[PDB]
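Single-structure report; data block below.
Cβ placement follows ideal geometry from the backbone for every residue including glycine, while neighbour counts extend to all protein chains displayed. Only the coordinates and a few stated rules stand behind these numbers; no lab work does.
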DNA sequence: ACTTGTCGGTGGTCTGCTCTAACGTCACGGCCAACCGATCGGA
Ligand SMILES: [Zn+2]
């Protein structure tokens, strides 16, 4: 399918799970991971996808399935995922209006755009 | 008593060689762990600790040891 | 021991000269065969003469799950190994090496063949160590030791102890008597939880009929799409791409059709009948 | 199976080794029942799914096949047939003994049937079959009468 | 028992493969014979094989034999559905063909009929709603019950059953109590008294 | 990474749609990416992702009645992402604080925004 | 899950949660009034058996009058 | 409607033939654990040669590990001399 | 006295079953059924009631398919279907075969009827 | 340019196999305890 679809499906699945989902169940359940030729290509691809997700900022925790289970799975802490509450609205308008005016460094402008988009997704 | 009787009937514990022996004596009961109401409320057992003095004798060397052993509730 | 070693060497040399060798003289072949047979007889004689230490060693392990004769046989296997590994040059008597091997074999076998649910030896050792530490703590403190004390005195987490204690449970028997007389058993109070309730089945059949009647209020396209997508047709659902390829339409079109059909089905006139089935 | 009115007779008889190994779907080789960790049946044990059948419905041991469309096939990796879980009360196993063993019913009975058949006292049978006395199976009388 | 048989068979295989002296092999063969005998019939020869608590194990012959065996306990007599049990009192106003059945007991016995009948009368939209109404004991259930038990005989039995007249069919009538009302003239057949 | 930006954009777009009641098409096509042509292509891909099983009632839903894009099913995606440690938040805070303009929103806007952002991070 | 159950849950929106209800319910033919609740928790240092985390006991009291079928003597 | 499948024929060492139903897109194993409990190969002229397992430790290997060739040769020579003297005087 | 009807009254239509033999449990505390013992079977045989006894043994205790079919027929209002084969008989046959006994059911022709229906 | 499959590596835990050299050498923990009739193996 598509890499973006795999990433989005993985994010949603790890968000909605209640216990640590092992990678073996991730292969069969999450769409896009079932088209790999062998178990090593899937393993490397899943490792790279985990690295990308962790570098992005999404909290991807690895831990045991449960007390009496030696399997090791992955989850995403929904409480640590973000912070819902936001402050006033008048100050945020001034912050956005001054978010970026003349900066040219790609990292700076990308970071400012990401922050503005997250603020819009959390109200204005 | 019953405990004294069973300890006396078991006091000499010697091996085949006859060089070592173990003896038990002086059964003693301490205070109760908890009252009846506490035991019934918390699902416990109304019991008291039991301590028996055990003495070890090594016949060949003649050196003897004695300690107070806890036998249970 | 010297006879055993001589017989083994003679057998090996005879085997080597049999294939890619030379025509051995008749007397040489006779002597090699005699030495091999003498070595086998000496090995058997040593085994039989030492088949009394095994019983003494196994006497102390009676009453711990395994039977006395099984312990004796495992000790006999250990004795065979000890005979195989005994070296006479060191000058020590056979009763030490034999004791070591017999004890090892008996302990390993009792670790393996004594539980209905088998536990690996590396964990049976941990369970035994935990029990010994618990006994020592009980003697020292005077009270029953809590998991905290065992955690400190066993240099393990205070959680692994719970798992270890929960792995030590032995299954009870379904044939044990419950009452005073001999008419009741534990297996008569156990409910089969995988049997058909005989009421959920008819309810499911009626639900299928009602759902078919409700879905027959739509057009052929939407009904077919829903049946293919949810797997209501025979046994299993399909995916957007597969249904689109079967119907020759893009996946976005299939998604739009499904969204419209689901919106139509949420109308009360199509869900009031099905409300009571959920 | 169905139509109890179609049952004409109920015959009983001795079962030979051929019948015993024709009933069985496999041989059990290990005294294991379930795994102490996953609580899952072992392989070639007393609860092996490859021999007796799946614990789940339409599911194999390794989980490769989990659908009704895979009916009547055998998984190429775990060897478990994909069928209903109710076959676990219809399939038998067998154990291949390394030495023949007599049936207790036909030896320790009153009257003993092996003793009547072989004209041997029950004490002689108990001595023989429990490894306490040797018995001459056959003797070459022609050779003895010549030398 | 199967585990013992398998363990001894495997040990015998190992001993035979190694080449052990005949004494050990003979002992192992005798143990295998004893294990198989204990599997088929535990106790006929020698001492019974016991588990925890010095309780002898249960073999196949023990399954097939005795009053608690397979035949007598599970083939010549079974436990059945649609059956109840209660204390009996005396109803002198009943007829010889009538009995007094408690309303709750009759409701539980006739639940499958009551569900259908109260679905038909449009008291419930489907089977699940009718089952919920029966479980909650709604006021409109009882009327339906009086329709379903009419001219539907029930068999009354009192143990021990010494002759045929220990099981008799009666026409039920709903009563407000929890005790079955029995006709005074059928006691001698049942050998029943109201104590 | 040119895929990571899209992924973050979608992960914020879904909560944005769920938090603005019946946002018209033009507002989305002007706010989250000026190119409105790719907005439809991104909505089509969002319509395909959802909960495991990927059956109706598990994928995310929408209503394209007209210009308003409303979400009826979110598949758990309701909150936005957290501002990553340093990076975006660090740059935004640095720009907000190191402003070289004489105060115009200083009294109760700039300081309040700075304090609230610092507390949120 | 069955396809019909999945379709019904999709229609009504009730998401299927991987938890099974095992609530303590009053047995058949029993009733009364709740007069006492006793709660034990491992996190509060209660001597519960191994594996058990929480325990709760409920006492239900009922006043019974004399009725047909009761035995007097 | 059922999934198409193939039937493989396996032969054990002691003249036993068995049928195993496999799927189409699956690697049919050359050797299989048959119903009798004995491993049996598949009937094919082009044999997919499986792995070869070498024998494990034996008594001679341990003896040679713990004793050199010279000592064993000397012991054998002494035993041969003893039996020669006992036999032919 | 401590013999009250509230603790004695019990009734059941369908509930939990056993594991080895698919028969209803026993006891008020388990929503079990009433035992129809051998004496009751003798009474039914003396009465001449073949059908009542047959249905009691088959479709109220052991006929696994028969129980659900009877419940469905009662709910939908059709006739009660014919009984099948009790599970206890199949359990007995397996227990006999495990004792190296060759028990086989023969049809009128003389062949063997397999008990692996399903 | 980004992705992706084959290749190769570090570190960790669960599981199974092998070895340990003073001398040591032929099991217990325990009833059974009715009371009748039938029957096979001894004397
Ligand atoms: Zn499989």
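Computed values, structure above
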| read-out | value |
| --- | --- |
| For the range E:81-195: rounded, prolate or oblate by the Cα gyration tensor [a/c cutoff 1.5] | prolate |
| Mean separation of Cα contacts under 8 Å, 6 or more apart, over the residue count of the range F:38-80: relative contact order % | 27 |
| Along principal axes, Cα extents of chain C, largest first, whole Å | 103, 72, 48 |
| Residue among C:251, C:103, C:169 with the largest mean-square fluctuation in a Gaussian network model of chain C, springs linking Cα atoms under 10 Å | C:251 |
| The range C:216-278, relative contact order in percent, only Cα pairs under 8 angstrom and at least six apart counted | 24 |
| Average other protein chain Cβ within 10 Å of Cβ, residues F:61-71 | 1 |
| Shape category assigned to the range E:73-124 from the gyration tensor of Cα positions, a/c cut at 1.5 | oblate |
| Cβ neighbours within 10 Å from other chains - mean over H:73-85 | 4 |
| Shielding by other protein chains, A:45-55, mean Cβ within 10 Å | 1 |
| Residue of C:159, C:149, C:220 that the Gaussian network model of chain C assigns the largest fluctuation, springs spanning Cα pairs under 10 Å | C:220 |
| Inter-label distance, nm, simple model (7 Å from Cα along the C-beta direction), residue I:47/residue C:189 | 3.4 |
| Separation between Cα centres of the range F:1-48 and the range C:112-144, rounded to whole Å | 61 |
| Residue-averaged [θ]222 nm for chain E, counting only DSSP H segments that reach four residues, each worth -39500 (n - 2.57) | -13500 deg cm²/dmol |
| 222 nm mean residue ellipticity, helices alone, for chain I (DSSP H n ≥ 4; -39,500 (n - 2.57); rounded to 500) | -10500 deg cm²/dmol |
| Global geometry of the protein assembly as shown, whether rounded, prolate or oblate, following the gyration tensor of its Cα atoms and the 1.5 cut on a/c | oblate |
| Residue of C:245, C:104, C:27 that the Gaussian network model of chain C assigns the largest fluctuation, springs spanning Cα pairs under 10 Å | C:245 |
| Alpha-carbon centroid distance for the pair the range B:13-63 / the range E:97-146, whole angstrom | 67 |
| Computed [θ] at 222 nm, helices only, for chain A once each DSSP H run of length n ≥ 4 contributes -39500 (n - 2.57) | -16000 deg cm²/dmol |
| Per-selection Kirkwood Rh - chain G (Cα, Å, 1 d.p.) | 17.6 |
| The range A:11-58 versus the range C:178-244: alpha-carbon centroid distance in Å | 31 |
| Pair-distance profile P(r), taking every C-alpha pair of the range C:117-218, with 5 angstrom steps and integer % | 2, 9, 11, 10, 8, 7, 8, 10, 8, 6, 6, 6, 4, 3, 1, 0 |
| For E:82, C:9, order by how many other beta-carbon atoms lie within 10 Å, fewest first | E:82, C:9 |
| Chain C, relative contact order [Cα under 8 Å, separation at least 6], % | 9 |
| Residues A:21, A:83 arranged by fewest to most Cβ contacts within 10 Å | A:83, A:21 |
| Sorted by Cβ neighbour density within 10 Å, fewest at the top, the residues E:148, B:6 | B:6, E:148 |
| Computed Kirkwood radius, in angstrom, where 1/r is averaged over Cα pairs of chain D | 20.0 |
